[PDB]
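Only one chain is included here, represented as structure tokens and corresponding to the form deposited in one PDB entry.
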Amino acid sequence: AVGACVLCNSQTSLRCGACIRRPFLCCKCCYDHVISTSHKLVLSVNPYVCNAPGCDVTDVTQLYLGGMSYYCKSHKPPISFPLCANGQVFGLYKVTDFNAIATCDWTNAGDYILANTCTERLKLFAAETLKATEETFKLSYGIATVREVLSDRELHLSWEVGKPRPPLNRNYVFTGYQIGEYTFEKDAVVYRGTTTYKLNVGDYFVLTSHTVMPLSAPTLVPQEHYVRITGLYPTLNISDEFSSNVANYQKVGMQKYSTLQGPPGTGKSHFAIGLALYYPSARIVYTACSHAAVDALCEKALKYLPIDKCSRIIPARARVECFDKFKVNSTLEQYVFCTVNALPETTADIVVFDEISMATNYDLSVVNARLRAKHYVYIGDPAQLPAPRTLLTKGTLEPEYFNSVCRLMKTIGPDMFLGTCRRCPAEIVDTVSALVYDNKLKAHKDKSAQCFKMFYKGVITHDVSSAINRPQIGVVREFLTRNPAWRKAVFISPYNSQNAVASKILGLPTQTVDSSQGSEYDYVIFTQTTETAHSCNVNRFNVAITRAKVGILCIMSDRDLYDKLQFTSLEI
């Protein structure tokens, strides 16, 4: 029961029993917490509760020290000192932001704003608290029981009454009963088990609620600037392909950590892999939150780095299929590609943390705790999508509040900025450069004259809350007949239910804006589906239209974003 204060690091035995994470609070900070919040239970070796038999006084403000035991006003002996007095709570070794983090329900944007603008120790307390709150919320949903099996990819479900039903998308991964993880897509539903198993009627599925481990390491280590490249040995034979990044690679070796803002198709993975060719003897750990982000780094490394010095770290509880071309689980290899949650306890000369807009402060801290590195490089784009905040329902989360790295990129600017988009037709580059990049993103490609926009509100229907716009899909169908080259397009929308409908009607491969991030396609057909905060979100809009290498058709619901698209308008 001996530890350090979360607010001022002062030593104490005084924890808070009312906080879900039980934080240690010193005498002054414990007082300022109990006297300003509903939190009145204070912990130590023995709790601050009335020692009198059958007494339920647990409020520290109503308790006193009577010799060596604690009693309320009704049971205290004549010679007794109040536990709360002179701005302190009695304890051994004798805050407005801490209070708000400790007592919020995490459903408001303002809660995440505070969790990212607070001191470093409060950022870890907010991250631990938020994650535990998100996990305790998983218990609220209702069990789905297999009532009948139709085919190898379709079934019918029986839901638990009294408990709400979770949205059926690839975002929520169920746990079948321990017969492997399972996913669902919309009474006939589509079943996708991570393990091929003959779906048993009667067997139940439940959401994976995991124990939230405490955070020790900061989200960002303290910054260090050096006069020379430190612990890294550069080449004087750096391939012309990577010469554009030489000054930035040198910046990487001259700072403890560095941030790289790379808009879509500006060369983030090329920069990340080229850093290995610039410091050829450096041990590099390549990390990201998702298996897809890690796999995209493996694909680029397969092209430039020796396959014998690479290893893809895969957790024993293999959830989805990932990169098979490197030797699996050899932690000792020079190049290690691994998701944040599967990182081993190891050291590195450089740690590259990619798709940083998708990281949370919990992820930032975990990386600093498992990896001890000479240099840390954070690659991503605050103008792209953040990790979904399942508890957040009120207010919008701005990019400067996604995590510590994004906060820095949006306030002091990033250390490095990749300014030339090599992927997209100029119509798309010009639109997103003006929309989210302050006119600093330049187009390498010419205009393709294959970027179209149509303003069509259609009809909005809902599959629970996930939206569908059948008339917008009908407009796509009509366009496809007149433009058969577009037969090869990927259909993108902000909603899985819109995508399920488009899949059956158009036969195009489908992708939500959020699952399309990091991917690129020659042709993209995007239907906005609705005018909601979700479908009008400028970061989501940015990702959506920057997936296209050659052409894009945007069927829009919002006049604002439609007018901003620098595309040829279509009629019908």
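C-alpha atoms forming the largest set that superposes within 1.5 Å between two forms make up the rigid core. Throughout, we count residues from 1 along the sequence that is shown.
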property: Residue gap status of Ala318, at least a third of other entries; result: yes
property: Interresidue gap class [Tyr177, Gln178; deposited sequence, unmodelled]; result: 4 to 9
property: Deposited residues omitted from coordinates between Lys186 and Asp187, as a class; result: 4 to 9
property: Given 247-255 and 82-90, the range whose Cα B-factors average higher in the PDB entry; result: 82-90
property: Residue range whose averaged C-alpha B-factor is higher in the record, 315-323 or 272-280; result: 315-323
property: Criterion, highest CA B-factor; candidates, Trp486, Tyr191, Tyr495, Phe417; result: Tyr191
property: Deposited CA B-factor, highest of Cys554, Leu14, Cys19, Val550; result: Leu14
property: Third of chain Cα B-factors occupied by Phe491; result: lowest
property: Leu385 - Cα temperature factor, lowest/middle/highest third of chain; result: lowest
property: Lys28 by Cα B-factor - lowest, middle or highest third of the modelled chain; result: highest
property: Chain third (lowest, middle, highest) by recorded CA B-factor, residue given as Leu43; result: highest
property: Entry-reported Cα temperature factor of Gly518, expressed as the chain third it lands in; result: lowest
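Only in words, not in the display: the form deposited in another entry, which the text now covers.
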{"item": "Did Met416 shift 2 Å or more between the shown form and the other one, C-alpha, core superposed", "value": "no"}
{"item": "Core fit, then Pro47 C-alpha moves 2 Å or more between the shown form and the other one", "value": "yes"}
